[PDB]
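Containing CSV, C-alpha atoms (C1' of nucleotides) and all ligand atoms: data-v3.csv.
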```
chain,number,residue,atom,x,y,z
A,1,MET,CA,-24.4,-13.4,3.4
A,2,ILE,CA,-25.5,-10.7,5.9
A,3,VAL,CA,-23.6,-7.5,6.4
A,4,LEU,CA,-24.0,-5.1,9.4
A,5,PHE,CA,-22.8,-1.6,8.9
A,6,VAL,CA,-22.2,0.8,11.9
A,7,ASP,CA,-22.0,4.6,11.6
A,8,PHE,CA,-21.7,6.8,14.7
A,9,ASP,CA,-24.2,9.7,14.8
A,10,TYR,CA,-22.6,13.1,14.3
A,11,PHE,CA,-19.4,11.7,15.7
A,12,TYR,CA,-17.2,14.8,16.3
A,13,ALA,CA,-20.2,16.7,17.7
A,14,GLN,CA,-21.4,13.8,19.8
A,15,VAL,CA,-18.0,13.0,21.4
A,16,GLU,CA,-17.7,16.6,22.5
A,17,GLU,CA,-21.2,16.3,24.0
A,18,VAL,CA,-19.8,13.4,26.0
A,19,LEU,CA,-16.7,14.9,27.4
A,20,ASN,CA,-19.0,17.7,28.6
A,21,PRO,CA,-22.5,16.3,28.8
A,22,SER,CA,-23.5,19.9,29.6
A,23,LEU,CA,-23.4,20.6,25.8
A,24,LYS,CA,-26.3,18.2,25.1
A,25,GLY,CA,-29.5,19.7,24.0
A,26,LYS,CA,-27.9,22.9,22.7
A,27,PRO,CA,-26.5,23.6,19.2
A,28,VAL,CA,-22.9,22.4,18.9
A,29,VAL,CA,-20.6,23.1,15.9
A,30,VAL,CA,-17.1,21.5,15.7
A,31,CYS,CA,-15.1,24.0,13.6
A,32,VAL,CA,-11.7,24.1,11.9
A,33,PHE,CA,-10.3,27.6,12.5
A,34,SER,CA,-7.4,28.5,10.0
A,35,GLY,CA,-6.8,32.0,11.4
A,36,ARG,CA,-6.6,33.8,8.1
A,37,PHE,CA,-8.9,36.3,9.8
A,38,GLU,CA,-9.9,35.1,13.2
A,39,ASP,CA,-13.0,33.0,12.5
A,40,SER,CA,-11.6,31.7,9.3
A,41,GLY,CA,-12.3,28.1,8.5
A,42,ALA,CA,-15.2,25.8,7.9
A,43,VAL,CA,-17.5,23.5,9.9
A,44,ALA,CA,-16.2,19.9,10.5
A,45,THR,CA,-19.6,18.9,11.7
A,46,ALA,CA,-22.5,19.8,13.9
A,47,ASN,CA,-25.0,17.9,16.2
A,48,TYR,CA,-28.6,17.8,14.9
A,49,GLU,CA,-29.8,20.6,17.1
A,50,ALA,CA,-27.7,22.8,14.8
A,51,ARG,CA,-28.2,21.0,11.5
A,52,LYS,CA,-31.9,21.7,11.6
A,53,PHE,CA,-31.1,25.3,11.0
A,54,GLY,CA,-28.8,24.9,8.0
A,55,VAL,CA,-25.5,24.8,9.9
A,56,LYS,CA,-23.4,21.8,8.8
A,57,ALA,CA,-20.0,20.5,7.6
A,58,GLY,CA,-18.6,22.5,4.7
A,59,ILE,CA,-20.0,25.9,5.4
A,60,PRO,CA,-17.7,28.8,6.5
A,61,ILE,CA,-17.7,29.4,10.2
A,62,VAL,CA,-18.7,33.1,9.8
A,63,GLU,CA,-21.7,32.1,7.7
A,64,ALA,CA,-22.6,29.8,10.6
A,65,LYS,CA,-22.4,32.4,13.3
A,66,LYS,CA,-24.8,34.5,11.2
A,67,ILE,CA,-27.4,31.8,11.6
A,68,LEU,CA,-26.7,30.7,15.2
A,69,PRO,CA,-24.7,33.4,16.9
A,70,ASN,CA,-25.4,31.5,20.1
A,71,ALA,CA,-24.3,28.0,19.2
A,72,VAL,CA,-21.3,26.6,21.1
A,73,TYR,CA,-18.4,26.7,18.7
A,74,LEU,CA,-15.7,24.1,19.6
A,75,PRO,CA,-12.3,23.6,17.8
A,76,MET,CA,-11.8,20.2,16.4
A,77,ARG,CA,-9.6,17.9,18.5
A,78,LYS,CA,-9.3,15.1,16.0
A,79,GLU,CA,-7.0,13.0,18.3
A,80,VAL,CA,-9.5,12.7,21.0
A,81,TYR,CA,-12.1,11.4,18.5
A,82,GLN,CA,-9.6,9.1,16.9
A,83,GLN,CA,-9.1,7.3,20.3
A,84,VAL,CA,-12.8,7.1,21.1
A,85,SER,CA,-13.2,5.5,17.7
A,86,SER,CA,-10.5,3.0,18.3
A,87,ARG,CA,-12.0,2.0,21.6
A,88,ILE,CA,-15.4,1.6,19.9
A,89,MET,CA,-13.9,-0.4,17.0
A,90,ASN,CA,-11.8,-2.8,19.2
A,91,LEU,CA,-15.3,-3.5,20.6
A,92,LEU,CA,-17.0,-4.5,17.3
A,93,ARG,CA,-14.5,-7.3,16.7
A,94,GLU,CA,-16.3,-9.0,19.5
A,95,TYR,CA,-19.1,-9.6,17.1
A,96,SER,CA,-17.2,-10.8,14.1
A,97,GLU,CA,-13.6,-11.3,13.0
A,98,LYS,CA,-14.8,-10.2,9.6
A,99,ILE,CA,-14.7,-6.4,10.2
A,100,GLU,CA,-13.7,-3.5,8.0
A,101,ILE,CA,-13.0,0.0,9.4
A,102,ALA,CA,-13.9,2.1,6.4
A,103,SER,CA,-13.9,5.5,8.1
A,104,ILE,CA,-13.3,6.9,11.5
A,105,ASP,CA,-17.0,6.5,12.3
A,106,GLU,CA,-17.9,3.8,9.7
A,107,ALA,CA,-17.3,0.0,10.1
A,108,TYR,CA,-18.6,-3.1,8.4
A,109,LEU,CA,-19.2,-6.4,10.3
A,110,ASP,CA,-19.7,-9.6,8.4
A,111,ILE,CA,-22.2,-11.6,10.5
A,112,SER,CA,-23.1,-14.3,8.1
A,113,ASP,CA,-22.2,-16.4,10.8
A,114,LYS,CA,-23.0,-15.3,14.3
A,115,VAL,CA,-26.4,-15.2,12.8
A,116,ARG,CA,-29.3,-16.8,11.6
A,117,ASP,CA,-31.2,-14.4,9.4
A,118,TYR,CA,-32.6,-10.9,9.5
A,119,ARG,CA,-34.8,-11.1,12.6
A,120,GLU,CA,-31.7,-12.2,14.3
A,121,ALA,CA,-29.1,-10.0,12.6
A,122,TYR,CA,-31.5,-7.2,13.6
A,123,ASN,CA,-31.4,-8.4,17.2
A,124,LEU,CA,-27.6,-8.4,16.8
A,125,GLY,CA,-28.0,-4.9,15.6
A,126,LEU,CA,-29.7,-3.9,18.9
A,127,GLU,CA,-27.0,-5.7,21.0
A,128,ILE,CA,-24.3,-3.7,19.3
A,129,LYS,CA,-26.1,-0.4,19.5
A,130,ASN,CA,-26.8,-0.8,23.2
A,131,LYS,CA,-23.4,-2.2,24.1
A,132,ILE,CA,-21.9,0.9,22.4
A,133,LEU,CA,-24.2,3.3,24.2
A,134,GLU,CA,-23.6,1.7,27.6
A,135,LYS,CA,-19.8,1.2,27.3
A,136,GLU,CA,-18.9,4.5,25.4
A,137,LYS,CA,-22.1,6.6,25.6
A,138,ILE,CA,-22.3,6.9,21.8
A,139,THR,CA,-25.5,6.5,19.7
A,140,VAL,CA,-25.1,5.0,16.3
A,141,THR,CA,-27.3,3.9,13.3
A,142,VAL,CA,-27.1,0.3,12.0
A,143,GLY,CA,-27.6,-1.0,8.5
A,144,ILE,CA,-28.2,-4.6,7.5
A,145,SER,CA,-28.4,-6.2,4.1
A,146,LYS,CA,-27.1,-8.6,1.5
A,147,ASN,CA,-23.9,-6.6,1.0
A,148,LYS,CA,-22.0,-3.4,2.0
A,149,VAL,CA,-23.5,-0.9,-0.5
A,150,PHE,CA,-27.0,-1.7,0.7
A,151,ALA,CA,-26.0,-2.1,4.3
A,152,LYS,CA,-24.5,1.4,4.1
A,153,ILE,CA,-27.6,2.6,2.2
A,154,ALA,CA,-29.9,1.1,4.9
A,155,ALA,CA,-28.0,3.1,7.5
A,156,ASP,CA,-29.4,5.9,5.3
A,157,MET,CA,-32.1,7.0,7.4
A,158,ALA,CA,-32.3,5.0,10.3
A,159,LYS,CA,-29.9,7.8,11.0
A,160,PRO,CA,-29.7,9.2,13.5
A,161,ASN,CA,-29.7,6.6,16.3
A,162,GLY,CA,-31.7,4.1,14.2
A,163,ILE,CA,-31.5,0.7,12.7
A,164,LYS,CA,-32.9,-0.7,9.5
A,165,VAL,CA,-32.9,-3.9,7.5
A,166,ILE,CA,-33.1,-4.0,3.7
A,167,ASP,CA,-34.5,-7.5,2.7
A,168,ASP,CA,-33.8,-8.9,-0.7
A,169,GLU,CA,-37.1,-7.9,-2.2
A,170,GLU,CA,-36.4,-4.3,-0.9
A,171,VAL,CA,-33.2,-4.5,-2.8
A,172,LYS,CA,-34.9,-5.1,-6.1
A,173,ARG,CA,-37.1,-2.1,-5.3
A,174,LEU,CA,-34.4,0.5,-4.7
A,175,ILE,CA,-32.5,-0.8,-7.7
A,176,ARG,CA,-35.4,0.8,-9.5
A,177,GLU,CA,-36.6,3.5,-7.1
A,178,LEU,CA,-33.6,4.9,-5.1
A,179,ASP,CA,-31.9,7.8,-6.7
A,180,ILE,CA,-28.6,7.2,-8.3
A,181,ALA,CA,-27.2,10.1,-6.4
A,182,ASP,CA,-27.9,8.5,-3.1
A,183,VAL,CA,-25.7,5.5,-3.9
A,184,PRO,CA,-22.3,5.2,-2.2
A,185,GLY,CA,-19.5,6.3,-4.4
A,186,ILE,CA,-21.5,8.7,-6.6
A,187,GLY,CA,-20.4,12.3,-5.9
A,188,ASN,CA,-21.9,15.2,-7.7
A,189,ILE,CA,-19.4,15.0,-10.6
A,190,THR,CA,-20.3,11.4,-11.3
A,191,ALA,CA,-24.0,11.6,-10.3
A,192,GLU,CA,-24.2,14.6,-12.7
A,193,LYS,CA,-22.5,13.0,-15.7
A,194,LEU,CA,-25.1,10.3,-15.2
A,195,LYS,CA,-28.2,12.6,-15.5
A,196,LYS,CA,-26.5,13.8,-18.7
A,197,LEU,CA,-26.9,10.3,-20.0
A,198,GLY,CA,-30.5,9.7,-18.9
A,199,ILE,CA,-29.6,7.3,-16.1
A,200,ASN,CA,-31.6,8.8,-13.3
A,201,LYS,CA,-31.9,5.5,-11.5
A,202,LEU,CA,-29.9,2.3,-11.1
A,203,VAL,CA,-31.9,0.3,-13.5
A,204,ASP,CA,-31.1,2.7,-16.3
A,205,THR,CA,-27.5,1.4,-16.3
A,206,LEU,CA,-28.5,-1.8,-17.9
A,207,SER,CA,-30.2,0.1,-20.8
A,208,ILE,CA,-26.9,1.7,-22.0
A,209,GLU,CA,-24.0,0.1,-23.7
A,210,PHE,CA,-20.9,-0.6,-21.6
A,211,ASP,CA,-18.5,1.4,-23.9
A,212,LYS,CA,-20.3,4.6,-23.0
A,213,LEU,CA,-20.2,4.0,-19.3
A,214,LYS,CA,-16.5,3.1,-19.4
A,215,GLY,CA,-16.0,6.2,-21.5
A,216,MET,CA,-17.7,8.5,-19.0
A,217,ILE,CA,-17.3,7.3,-15.4
A,218,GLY,CA,-14.6,4.8,-16.3
A,219,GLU,CA,-14.5,1.0,-16.2
A,220,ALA,CA,-14.4,0.3,-12.5
A,221,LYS,CA,-17.1,2.9,-11.8
A,222,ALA,CA,-19.2,1.4,-14.6
A,223,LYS,CA,-18.8,-2.3,-13.6
A,224,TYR,CA,-19.6,-1.4,-10.0
A,225,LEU,CA,-22.8,0.3,-11.0
A,226,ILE,CA,-23.9,-2.5,-13.3
A,227,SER,CA,-23.2,-5.3,-10.8
A,228,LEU,CA,-25.2,-3.5,-8.2
A,229,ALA,CA,-28.1,-2.9,-10.6
A,230,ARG,CA,-27.9,-6.6,-11.5
A,231,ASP,CA,-28.0,-7.7,-7.9
A,232,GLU,CA,-24.7,-9.5,-8.5
A,233,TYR,CA,-22.7,-7.1,-6.5
A,234,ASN,CA,-20.8,-8.4,-3.7
A,235,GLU,CA,-17.6,-7.4,-2.3
A,236,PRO,CA,-16.1,-9.1,0.8
A,237,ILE,CA,-15.3,-7.4,4.1
A,238,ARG,CA,-11.5,-7.0,4.1
A,239,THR,CA,-9.4,-5.3,6.7
A,240,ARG,CA,-7.9,-2.1,5.3
A,241,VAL,CA,-4.4,-0.7,5.6
A,242,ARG,CA,-3.3,2.9,5.8
A,243,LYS,CA,-1.7,3.7,2.5
A,244,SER,CA,-0.7,7.3,3.0
A,245,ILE,CA,-0.3,10.0,5.7
A,246,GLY,CA,-0.1,13.8,5.5
A,247,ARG,CA,-0.9,17.2,6.9
A,248,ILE,CA,-1.7,20.3,5.0
A,249,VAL,CA,-1.6,23.6,6.8
A,250,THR,CA,-3.1,27.0,6.0
A,251,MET,CA,-0.8,30.0,5.7
A,252,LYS,CA,-1.7,33.3,7.4
A,253,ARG,CA,-1.6,35.0,4.0
A,254,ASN,CA,-1.3,33.9,0.4
A,255,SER,CA,2.3,33.9,-0.8
A,256,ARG,CA,4.7,32.9,-3.6
A,257,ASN,CA,8.0,33.5,-2.0
A,258,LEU,CA,9.8,30.3,-1.0
A,259,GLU,CA,11.3,31.5,2.2
A,260,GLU,CA,7.8,32.5,3.4
A,261,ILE,CA,6.2,29.2,2.7
A,262,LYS,CA,9.1,27.1,4.2
A,263,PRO,CA,8.1,27.4,7.9
A,264,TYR,CA,4.5,26.2,7.3
A,265,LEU,CA,5.6,23.4,5.0
A,266,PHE,CA,8.2,22.2,7.6
A,267,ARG,CA,5.5,21.9,10.3
A,268,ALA,CA,3.5,19.7,7.9
A,269,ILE,CA,6.5,17.5,7.5
A,270,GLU,CA,7.2,17.4,11.2
A,271,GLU,CA,3.7,16.7,12.4
A,272,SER,CA,3.4,14.2,9.5
A,273,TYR,CA,6.4,12.3,10.6
A,274,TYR,CA,4.9,12.1,14.1
A,275,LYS,CA,1.7,10.6,12.5
A,276,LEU,CA,3.7,8.1,10.4
A,277,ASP,CA,5.0,6.5,13.6
A,278,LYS,CA,7.6,3.8,12.7
A,279,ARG,CA,6.2,3.6,9.1
A,280,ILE,CA,8.9,4.3,6.5
A,281,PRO,CA,7.6,6.1,3.4
A,282,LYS,CA,9.5,5.7,0.1
A,283,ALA,CA,7.4,8.2,-1.8
A,284,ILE,CA,6.9,11.9,-1.0
A,285,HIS,CA,4.3,14.3,-2.2
A,286,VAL,CA,4.0,18.1,-1.7
A,287,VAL,CA,0.5,19.4,-2.2
A,288,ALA,CA,-0.5,23.0,-2.7
A,289,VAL,CA,-3.8,24.9,-2.9
A,290,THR,CA,-3.6,27.9,-5.2
A,291,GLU,CA,-5.3,31.2,-4.3
A,292,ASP,CA,-8.3,30.2,-6.3
A,293,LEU,CA,-8.9,27.0,-4.3
A,294,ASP,CA,-7.2,24.7,-6.8
A,295,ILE,CA,-5.0,21.7,-5.9
A,296,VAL,CA,-1.5,21.1,-7.4
A,297,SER,CA,0.8,18.4,-6.3
A,298,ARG,CA,4.3,17.1,-7.1
A,299,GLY,CA,6.0,13.9,-5.8
A,300,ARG,CA,8.9,11.6,-6.1
A,301,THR,CA,9.3,7.8,-5.4
A,302,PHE,CA,12.7,6.7,-4.0
A,303,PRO,CA,14.3,3.3,-4.4
A,304,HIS,CA,14.4,3.4,-0.6
A,305,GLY,CA,12.7,4.9,2.4
A,306,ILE,CA,12.8,8.6,3.3
A,307,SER,CA,14.5,10.0,6.4
A,308,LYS,CA,13.4,13.2,8.1
A,309,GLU,CA,16.3,15.1,6.6
A,310,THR,CA,15.7,13.7,3.1
A,311,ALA,CA,12.0,14.7,3.3
A,312,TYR,CA,13.0,18.3,4.2
A,313,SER,CA,15.3,18.8,1.3
A,314,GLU,CA,13.0,17.0,-1.0
A,315,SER,CA,9.9,18.9,-0.2
A,316,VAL,CA,11.8,22.1,-0.8
A,317,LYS,CA,12.7,20.9,-4.3
A,318,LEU,CA,9.2,19.7,-5.2
A,319,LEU,CA,7.9,23.0,-3.9
A,320,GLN,CA,10.3,25.1,-6.1
A,321,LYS,CA,9.1,22.8,-9.0
A,322,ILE,CA,5.5,23.8,-8.1
A,323,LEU,CA,6.0,27.6,-7.8
A,324,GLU,CA,7.8,27.3,-11.2
A,325,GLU,CA,5.2,25.3,-13.0
A,326,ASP,CA,2.2,27.3,-11.6
A,327,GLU,CA,2.0,31.1,-11.4
A,328,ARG,CA,-0.8,31.5,-8.9
A,329,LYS,CA,-0.2,32.3,-5.2
A,330,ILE,CA,-0.4,29.5,-2.7
A,331,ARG,CA,-3.1,29.5,0.0
A,332,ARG,CA,-2.4,26.1,1.5
A,333,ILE,CA,0.6,23.8,1.6
A,334,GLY,CA,1.1,20.3,2.8
A,335,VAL,CA,3.0,17.0,2.3
A,336,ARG,CA,1.9,13.4,1.8
A,337,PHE,CA,4.0,10.3,2.5
A,338,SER,CA,3.1,7.0,1.0
A,339,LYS,CA,4.5,3.7,-0.4
A,340,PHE,CA,5.5,2.6,3.1
A,341,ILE,CA,7.3,-0.7,4.0
A,342,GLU,CA,6.7,-2.8,6.8
B,1,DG,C1',1.2,-4.7,-28.9
B,2,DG,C1',1.7,-4.9,-24.0
B,3,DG,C1',3.3,-5.2,-19.4
B,4,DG,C1',5.4,-2.3,-15.6
B,5,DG,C1',5.9,1.7,-13.0
B,6,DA,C1',5.5,6.5,-11.8
B,7,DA,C1',3.6,11.0,-12.0
B,8,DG,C1',-0.3,14.3,-11.6
B,9,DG,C1',-4.8,15.1,-11.3
B,10,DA,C1',-9.9,13.6,-10.8
B,11,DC,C1',-13.4,12.3,-7.6
B,12,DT,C1',-15.5,10.9,-3.1
B,13,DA,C1',-16.6,11.1,1.6
C,1,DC,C1',-14.0,27.7,1.0
C,2,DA,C1',-10.6,22.6,6.1
C,3,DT,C1',-7.5,13.6,4.9
C,4,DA,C1',-7.0,9.7,1.6
C,5,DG,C1',-8.2,6.2,-1.7
C,6,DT,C1',-9.3,4.3,-5.7
C,7,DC,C1',-9.6,5.2,-9.9
C,8,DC,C1',-7.6,7.0,-13.9
C,9,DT,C1',-5.5,8.9,-18.0
C,10,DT,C1',-0.9,9.8,-20.1
C,11,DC,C1',3.8,9.0,-20.6
C,12,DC,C1',8.2,6.6,-20.8
C,13,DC,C1',11.1,2.2,-21.3
C,14,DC,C1',11.8,-2.1,-23.3
C,15,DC,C1',11.0,-7.2,-24.6
D,401,LIG,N1,-12.9,17.5,9.0
D,401,LIG,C1,-14.0,17.1,8.5
D,401,LIG,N2,-14.7,16.1,9.0
D,401,LIG,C2,-15.9,15.7,8.4
D,401,LIG,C3,-16.4,16.4,7.4
D,401,LIG,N3,-17.6,15.8,7.0
D,401,LIG,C4,-17.7,14.8,7.9
D,401,LIG,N4,-16.7,14.7,8.7
D,401,LIG,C5,-16.7,13.9,9.9
D,401,LIG,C6,-18.0,14.1,10.7
D,401,LIG,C7,-18.0,12.9,11.6
D,401,LIG,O1,-17.2,13.0,12.7
D,401,LIG,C8,-17.5,11.8,10.6
D,401,LIG,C9,-18.7,11.1,9.9
D,401,LIG,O2,-19.2,11.9,8.9
D,401,LIG,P1,-20.7,11.6,8.3
D,401,LIG,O3,-20.8,12.4,6.9
D,401,LIG,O4,-21.1,10.2,8.2
D,401,LIG,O5,-21.8,12.5,9.2
D,401,LIG,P2,-21.5,12.7,10.8
D,401,LIG,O6,-20.8,11.5,11.4
D,401,LIG,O7,-21.0,14.0,11.1
D,401,LIG,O8,-23.0,12.7,11.4
D,401,LIG,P3,-24.2,11.7,10.9
D,401,LIG,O9,-23.7,10.5,10.2
D,401,LIG,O10,-25.2,12.6,10.0
D,401,LIG,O11,-25.0,11.3,12.2
D,401,LIG,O12,-16.7,12.4,9.6
D,401,LIG,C10,-15.8,17.5,6.9
D,401,LIG,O13,-16.3,18.2,6.0
D,401,LIG,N5,-14.6,17.9,7.4
D,402,CA,CA,-21.5,9.2,11.2
D,403,CA,CA,-18.8,9.2,7.7
D,404,CA,CA,-24.3,10.8,-1.6
```
The structure given in the file should be rewritten as structure tokens.
Amino acid sequence: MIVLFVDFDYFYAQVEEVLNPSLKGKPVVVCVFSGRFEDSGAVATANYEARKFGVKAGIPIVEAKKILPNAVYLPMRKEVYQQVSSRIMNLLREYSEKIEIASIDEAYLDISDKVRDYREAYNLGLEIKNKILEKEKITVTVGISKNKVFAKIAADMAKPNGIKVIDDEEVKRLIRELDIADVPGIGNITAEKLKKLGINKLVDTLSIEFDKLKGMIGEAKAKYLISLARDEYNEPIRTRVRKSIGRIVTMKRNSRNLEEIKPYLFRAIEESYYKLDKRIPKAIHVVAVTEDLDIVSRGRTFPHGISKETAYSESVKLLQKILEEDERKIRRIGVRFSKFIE
DNA sequence: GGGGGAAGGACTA
DNA sequence: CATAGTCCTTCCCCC
């Protein structure tokens, strides 16, 4: 089996560099202004000309202007990028019916067939890269290996605008060298709980009893790690389905009065119903972010689908239930519709 | 004992 | 200090 992973270089930043080629070369930062105080919000992402100076996704926007008070700051237009991605994805299918759109910029193509072996899959990696650059003007990195985890890892650093193959013997090299923290699915929380057990690498997983991995990171996370470390890992490329939609908005100021939070919450529901589009959710969830950046949520599953009116009166209830259970003020409020039916 | 759901939060990207 | 999923642990109901 040979898996080819595609990941578009600084997607949001690059797409904006395309709709206005004049932005190329200079530092570009796609932000997310909440308004709390003008330049409130964080950075969605930033082209590499800006990342070299510390500016990047996650950091507050004000802390970004302090570094590059001359970088072009653009508001995130997620819908434009979502359509460039779709175009670009309905283009990969032309290289394999075995495709999986993991993210808005990440896709996996199973090309165990179309191809030969590496030397060829690699050459199929260059056909895709160039076809994408020609047709949509986007540069992307490509990863090729026995499975997805490694295909995705390979992408790691071939990035940006690169390509890299990880042959079987390289696999059994990283399984012992690559840092456990740079393995897909291992966020700081998990990666940390691992250094606390002595497992600083992937091969160290086979040295510890399964009852302690299942007790720490959980079964699924433990099996996953072990299989990968054993070289037995492979999962298939399966098409994925949207399992939940939502929109969480930022209030101008913290609050705890229902009537003041209503408006914001109702926009979340409205804009969320627009995003559902023909999907009929049977479960509803109202999510809140307390004044001290903590997340609290309440939901309810109905024996049937939810209508716009139902959602309205239901969110209100779950919200009252929230403000009652928690004492803190609310900074952000949103909704999440799931359990569709189709 | 255990399957079957549902709820709420933990964790990742 | 700005969207979602899979996992996950706990709880409740009942054969
Ligand atoms: N809204 C939002 N979007 C993010 C955030 N982090 C990443 N994204 C977007 C940035 C890209 O458009 C897309 C892919 O993210 P990646 O982590 O793979 O990096 P990115 O694509 O920005 O550039 P790269 O892969 O380094 O060339 O997801 C974030 O913190 N907030
Ligand atoms: Ca990317
Ligand atoms: Ca990504
Ligand atoms: Ca990582």
Shell around residue A:61 at 8 Å using all atoms listed in the file, local window under 2 positions removed, as number ranges by chain: A: 31, 33, 39-43, 59, 63-65
Between atom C1' of residue C:5 and atom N1 of ligand LIG 401 (chain D) - distance in Å to one decimal: 16.3 Å
Near-ligand residues for ligand CA 403 (chain D), threshold 12 Å, only C-alpha atoms (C1' of nucleotides) and all ligand atoms, as JSON, numbers by chain: {"A": [5, 6, 7, 8, 9, 10, 11, 12, 44, 45, 57, 101, 102, 103, 104, 105, 106, 107, 140, 141, 152, 155, 156, 159, 184], "B": [12, 13]}
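Between chain C and the candidates A:291, A:94, A:235, A:259, the tightest atom-to-atom separation, counting only C-alpha atoms (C1' of nucleotides), involves A:291.
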Exercise answer, chain C residues close to chain A, 7 Å and all atoms listed in the file, as a ChimeraX atom specification: /C:1-2,4
Neighbourhood of ligand CA 404 (chain D) at 9 Å, counting only C-alpha atoms (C1' of nucleotides) and all ligand atoms, reported as a count of residues only: 12
Neighbour list for residue A:200 as number ranges by chain, cut-off 8 Å, only C-alpha atoms (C1' of nucleotides), skip fewer than 3 positions in-chain: A: 179-180, 194-195, 204
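The space between atom CA of residue A:82 and atom CA of residue A:267 spans 20.9 Å.
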All residues 12 Å or closer to residue A:234, only C-alpha atoms (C1' of nucleotides), same chain fewer than 3 positions away omitted, as a ChimeraX atom specification: /A:1-3,145-151,223-231,237
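Interatomic distance, atom CA of residue A:76 against atom CA of residue A:294: 24.1 Å.
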Chain B contacts to chain A at 12 Å (all atoms listed in the file) as a VMD selection string: chain B and resid 5 to 13
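Each of A:157, A:62, A:72, A:4 was compared to ligand CA 402 (chain D) using only C-alpha atoms and all ligand atoms, and A:157 turns out to be the nearest.
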Nearby residues (all atoms listed in the file) at most 9 Å from residue A:304, same-chain spacing under 5 positions excluded, as number ranges by chain: A: 281-283
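Closest approach to residue A:20 from the set A:172, A:78, A:119, A:137 is made by A:137, with distances taken over all atoms listed in the file.
Once residue A:54 and its same-chain neighbours fewer than 2 positions away are set aside, residues 50, 51, 52, 56, 64 and 67 of chain A remain within 9 Å of it when counting all atoms listed in the file.
When all atoms listed in the file are used to measure the gap to ligand LIG 401 (chain D), the shortest distance among A:216, A:132, A:85, A:160 belongs to A:160.
With distances taken over only C-alpha atoms and all ligand atoms, A:13 is the one residue among A:287, A:202, A:175, A:13 lying closest to ligand CA 402 (chain D).
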Protein/DNA/RNA residues near (6.7, -4.5, -14.1), cut 12 Å, only C-alpha atoms (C1' of nucleotides), as a PyMOL selection string: (chain B and resi 2-6) or (chain C and resi 13-15)
